[PDB]
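S.K.: One structure, as structure tokens, below. Some questions next.
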Amino acid sequence: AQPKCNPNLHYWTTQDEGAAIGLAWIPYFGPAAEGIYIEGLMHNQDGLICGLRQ
């Protein structure tokens, strides 16, 4: 339910290195880290925007 096409086709960069070891599980800043490392994703992205039926 989102038209952008930037889900799992990029996530592997700061999510699998920042959203898998850093502080993504911690709801302290979330959208405040959006651009510095982990960010406030938590979804990791897996074909949810680029394809609603992926």
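Ordering of the structure tokens sets the chain letters (A, B, ...); residue numbers start at 1 within each chain; ligands are numbered from 1 in the order shown.
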Tell me, as a tab-separated table (two decimals) with N, CA and C atoms, in the first residue's frame, which residues lie within 12 Å of residue 23 in chain A, counting only C-alpha atoms; anything in the same chain fewer than 5 positions away does not count.

M.R.:
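In the end it all went to result.tsv:
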```tsv
chain	number	residue	atom	x	y	z
A	14	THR	N	21.95	0.15	5.01
A	14	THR	CA	22.00	0.71	6.35
A	14	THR	C	20.97	0.02	7.24
A	15	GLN	N	20.19	-0.87	6.65
A	15	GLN	CA	19.18	-1.61	7.40
A	15	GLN	C	19.74	-2.96	7.83
A	16	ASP	N	20.51	-3.56	6.95
A	16	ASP	CA	21.14	-4.85	7.24
A	16	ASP	C	22.49	-4.64	7.93
A	17	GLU	N	22.80	-3.39	8.20
A	17	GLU	CA	24.04	-3.00	8.85
A	17	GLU	C	23.74	-1.99	9.94
A	18	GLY	N	22.63	-1.29	9.78
A	18	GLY	CA	22.21	-0.30	10.75
A	18	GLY	C	20.88	-0.68	11.37
A	28	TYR	N	13.55	5.28	20.26
A	28	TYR	CA	13.99	6.50	20.92
A	28	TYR	C	13.96	7.69	19.97
A	29	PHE	N	14.56	7.53	18.80
A	29	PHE	CA	14.62	8.60	17.81
A	29	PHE	C	13.86	8.22	16.54
A	30	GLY	N	14.00	6.96	16.12
A	30	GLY	CA	13.32	6.50	14.92
A	30	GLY	C	13.53	7.42	13.73
A	31	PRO	N	12.51	8.23	13.36
A	31	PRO	CA	12.61	9.16	12.23
A	31	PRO	C	13.70	10.22	12.41
A	32	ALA	N	14.28	10.27	13.61
A	32	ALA	CA	15.34	11.23	13.90
A	32	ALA	C	16.69	10.75	13.38
A	33	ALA	N	16.78	9.45	13.10
A	33	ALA	CA	18.01	8.86	12.59
A	33	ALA	C	17.92	8.70	11.08
A	34	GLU	N	16.76	9.04	10.54
A	34	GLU	CA	16.51	8.93	9.11
A	34	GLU	C	17.51	9.73	8.30
A	36	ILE	N	21.15	9.29	9.15
A	36	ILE	CA	22.43	9.17	9.83
A	36	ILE	C	22.90	7.72	9.90
A	37	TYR	N	21.96	6.77	9.90
A	37	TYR	CA	22.34	5.35	9.97
A	37	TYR	C	21.12	4.42	9.96
A	38	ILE	N	20.67	4.01	11.15
A	38	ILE	CA	19.55	3.09	11.29
A	38	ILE	C	18.23	3.72	10.87
A	39	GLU	N	17.90	4.86	11.45
A	39	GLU	CA	16.65	5.56	11.15
A	39	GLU	C	15.48	4.94	11.90
A	40	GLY	N	14.27	5.33	11.52
A	40	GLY	CA	13.08	4.80	12.15
A	40	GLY	C	12.28	3.92	11.21
A	41	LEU	N	12.96	2.95	10.62
A	41	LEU	CA	12.32	2.03	9.68
A	41	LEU	C	11.60	0.90	10.41
A	42	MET	N	12.37	-0.03	10.99
A	42	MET	CA	11.81	-1.16	11.73
A	42	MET	C	11.16	-2.20	10.81
```

S.K.: Quote the spacing between CA of residue 12 in chain A and CA of residue 43 in chain A in Å to one decimal place.

M.R.: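 Distance between the two atoms: 12.2 Å.
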
S.K.: Smallest atom-to-atom distance to residue 45 in chain A: which of A:1, A:20, A:9, A:26, using only C-alpha atoms?

M.R.: A:9

S.K.: Would you kindly return, as a compact mmCIF listing (two decimals) with N, CA and C atoms, in the first residue's frame, each protein, DNA or RNA residue with an atom no farther than 12 Å from any atom of residue 54 in chain A, considering only C-alpha atoms and excluding same-chain residues fewer than 3 positions away?

M.R.:
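Contents of around-v8.txt, freshly written:
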```txt
# COMPACT_ATOMS: atom_id res chain seq x y z
N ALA A 1 0.84 -1.22 0.00
CA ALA A 1 0.00 0.00 0.00
C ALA A 1 0.86 1.26 0.00
N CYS A 5 8.66 2.30 -4.75
CA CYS A 5 9.58 1.29 -5.26
C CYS A 5 10.97 1.44 -4.67
N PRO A 7 11.73 -0.26 -1.48
CA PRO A 7 11.66 -1.17 -0.33
C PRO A 7 12.92 -2.04 -0.19
N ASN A 8 12.81 -3.33 -0.53
CA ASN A 8 13.92 -4.25 -0.42
C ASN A 8 14.97 -4.03 -1.52
N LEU A 9 14.72 -3.08 -2.41
CA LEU A 9 15.65 -2.80 -3.49
C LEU A 9 16.57 -1.64 -3.13
N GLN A 45 11.96 -3.29 5.04
CA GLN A 45 11.62 -3.23 3.62
C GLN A 45 11.82 -4.58 2.94
N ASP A 46 10.75 -5.08 2.36
CA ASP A 46 10.77 -6.37 1.67
C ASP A 46 9.69 -6.44 0.60
N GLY A 47 9.72 -5.51 -0.36
CA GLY A 47 8.73 -5.51 -1.42
C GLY A 47 7.35 -5.14 -0.93
N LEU A 48 7.27 -4.06 -0.16
CA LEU A 48 6.00 -3.59 0.38
C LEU A 48 5.56 -2.31 -0.31
N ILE A 49 6.51 -1.61 -0.93
CA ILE A 49 6.22 -0.37 -1.63
C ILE A 49 6.35 -0.56 -3.14
N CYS A 50 7.43 -1.21 -3.55
CA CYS A 50 7.69 -1.48 -4.96
C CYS A 50 6.68 -2.47 -5.51
N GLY A 51 6.03 -3.19 -4.61
CA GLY A 51 5.05 -4.17 -5.01
C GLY A 51 4.19 -4.59 -3.84
```
